[PDB]
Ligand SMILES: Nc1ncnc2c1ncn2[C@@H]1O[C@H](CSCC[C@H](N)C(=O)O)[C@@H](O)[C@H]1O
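Single chain ahead, written as structure tokens, the form solved without S-adenosyl-L-homocysteine.
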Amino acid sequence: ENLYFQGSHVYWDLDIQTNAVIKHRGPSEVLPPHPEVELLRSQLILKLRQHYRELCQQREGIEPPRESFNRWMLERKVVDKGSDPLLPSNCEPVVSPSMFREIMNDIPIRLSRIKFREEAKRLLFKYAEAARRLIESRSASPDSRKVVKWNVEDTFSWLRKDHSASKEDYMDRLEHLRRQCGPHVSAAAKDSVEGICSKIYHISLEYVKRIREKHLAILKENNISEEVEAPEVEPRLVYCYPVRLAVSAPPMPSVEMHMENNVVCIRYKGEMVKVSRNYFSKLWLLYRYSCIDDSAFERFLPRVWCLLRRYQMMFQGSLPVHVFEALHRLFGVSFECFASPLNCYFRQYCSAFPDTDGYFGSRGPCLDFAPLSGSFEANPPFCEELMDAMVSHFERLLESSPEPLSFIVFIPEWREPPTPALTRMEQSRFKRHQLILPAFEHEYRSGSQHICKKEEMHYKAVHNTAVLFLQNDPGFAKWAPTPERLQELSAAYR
């Protein structure tokens, strides 16, 4: 036992070749990444984040619900017909159902759970006060304006009379008051919450154009134009390959790098990104396996800076190494539908950003990827608009291909009201098996595994995980979830 260094464990197998087959596709129209543009992109995300918390606070008196902005960017990107890889640009509808739903949940007050009797009375009073107030200062039909304006008295009077109530009595009347006020308050605040969702979208649209105009200025500065080289393709079915970019990449600015106790630090204009040593070596292997426009690999370091800076602006967990080995050995899995250069196990996968990740093996976004054959694993981020689109996307692929096709989907049952995404997959005619990993009895890998130490790598899953095998007939013939194969798969979790 003599590790190369302290964090020299390996969480990937970049030797597995793909079995994903696509029709050969032309290059993506996304512009190649440049540190100057990523630097502007990062400071525009921060401003957009600050705009968002300013709007929630001075138009609803609340802070933004945790991670709602991140969840907003995923939802917008499912429907975004725009061009920016990170920011929404051209969406319908303008108002995001995701952001609207989450802001509405914390109205008129973000509900915290209760730890005392006086604390329950505390929260109950605050809700009744904020519910009555919102109706008074914002327009409402004098019915529902007073359907609640009384229900707030009735709980107010009950608080003054019944000095014998308990902690349960208060929490019960919160929900009771919540049901009477919910429809009434939501209808009243519908205009303001939509205004927040719409303003954030339009500010994003404005930042997109600022990013593109700075980008096109750099391209014209380096004598590069936005044209189509040769879309004349011999139509054919090929094994998959990383997503390519149409416009040629310019020369990259100089970038400084130094390692400090097995942590690689990369700086551009004083802006530093970090990545642990073994993961820095992994990006090297991915870059060598995937990049074809960088002879002598002279743009590796600046493209690593853009990659780490990109995922820094952005912000699930990965499956254990021994679970991926079983999926590949038992079901031929060679490809991840939702991953990143930093957490991917195979050297072929789908990720959000084709401009920064394609150089490192990404096939681009999963929805823009139409495989005709292959055995896939899917661990999507929690976003019901993305998960719903994913199920429709997979089913279209399984419908329209005679080649063996298989999708093994991992969905944490975080909600006791199950998302229709999971419900749709349960009723899918391609479902060959459904498996439940018990809560507190299976592990995940940390989402920040690219800088976190070995001791912080693995955590036990606190919820159940549903594992569904979506396979067409040839895919089921080749990678069937037999009893003996399901035996060895669960053994990889114990």
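So that there is no doubt, residue numbering starts at 1 and follows the sequence shown.
> When you step from residue 315 to residue 316 in this entry, do you jump over none, 1 to 3, 4 to 9, or 10 or more residues of the deposited sequence that have no coordinates?
Going from residue 315 to residue 316, the model skips 10 or more residues of the deposited sequence.
> I need to verify one thing: averaged over C-alpha atoms only, is the B-factor higher for 59 to 67 or for 26 to 34?
Between 59 to 67 and 26 to 34, it is 59 to 67.
> If you average the Cα B factors in the entry, which is higher, 475 to 483 or 17 to 25?
The stretch with the larger mean CA B-factor is 475 to 483.
> Based on the PDB record, which member of 338, 158, 300, 201 exhibits the highest Cα temperature factor?
Going by the entry's C-alpha B-factors, 158 comes out highest.
> If you check the C-alpha B-factor for each of 410, 359, 349, 116 in the entry, which is highest?
Among 410, 359, 349, 116, the highest C-alpha B-factor in the entry belongs to 116.
> Split into thirds by Cα B-factor across the chain's modelled residues, where does residue 45 land: lowest, middle or highest?
For residue 45, the deposited C-alpha B-factor lands in the middle third.
> Looking at the C-alpha B-factor of residue 382, is it in the lowest, middle or highest third of its chain?
Its C-alpha B-factor, which the entry lists for residue 382, ranks in the middle third among residues of this chain.
> Quick one: classify residue 414 as lowest, middle or highest third of the chain based on its Cα B-factor.
Its C-alpha B-factor belongs to the highest third of this chain's values.
> Lowest, middle or highest third: which one holds residue 73 when the chain's residues are ordered by CA B-factor from the entry?
It belongs to the middle third of the chain when residues are ordered by C-alpha B-factor.
> Would you please rank residue 451 by its C-alpha temperature factor against the other modelled residues of its chain and give the third it falls in: lowest, middle or highest?
For residue 451, the deposited C-alpha B-factor lands in the highest third.
Below, we refer to the form solved in complex with S-adenosyl-L-homocysteine, which is not included among the displayed structures.
> Could you tell me which stretch in 362 to 370, 147 to 155, 207 to 215, 393 to 401 has residues with non-hydrogen atoms within 4.5 Å of S-adenosyl-L-homocysteine in the entry with it bound?
Flagged stretch: 362 to 370.
> Is residue 317 close enough to S-adenosyl-L-homocysteine in the entry with it bound to count, meaning some heavy atom within 4.5 Å?
Residue 317: contacts S-adenosyl-L-homocysteine in the entry with it bound.
> Does residue 350 make contact with S-adenosyl-L-homocysteine in the entry with it bound, using a 4.5 Å heavy atom cut-off?
Residue 350: contacts S-adenosyl-L-homocysteine in the entry with it bound.
> Considering non-hydrogen atoms and a 4.5 Å limit, does S-adenosyl-L-homocysteine approach residue 355 in the entry with it bound?
Although S-adenosyl-L-homocysteine is absent here, residue 355 would stay clear of it in the entry with it bound, with no heavy atoms inside 4.5 Å.
> Mark residue 86 yes when one of its heavy atoms lies within 4.5 Å of a heavy atom of S-adenosyl-L-homocysteine in the entry with it bound, and no otherwise.
Answer no; every heavy atom of residue 86 is more than 4.5 Å from S-adenosyl-L-homocysteine in the entry with it bound.
> Can you work out which of 323, 337, 387, 124 has a heavy atom no more than 4.5 Å from S-adenosyl-L-homocysteine in the entry with it bound?
Answer to the contact question: 337.
> Considering 311, 331, 170, 287, which brings a non-hydrogen atom within 4.5 Å of S-adenosyl-L-homocysteine in the entry with it bound?
Comparing distances to S-adenosyl-L-homocysteine in the entry with it bound, the residue within 4.5 Å is 311.
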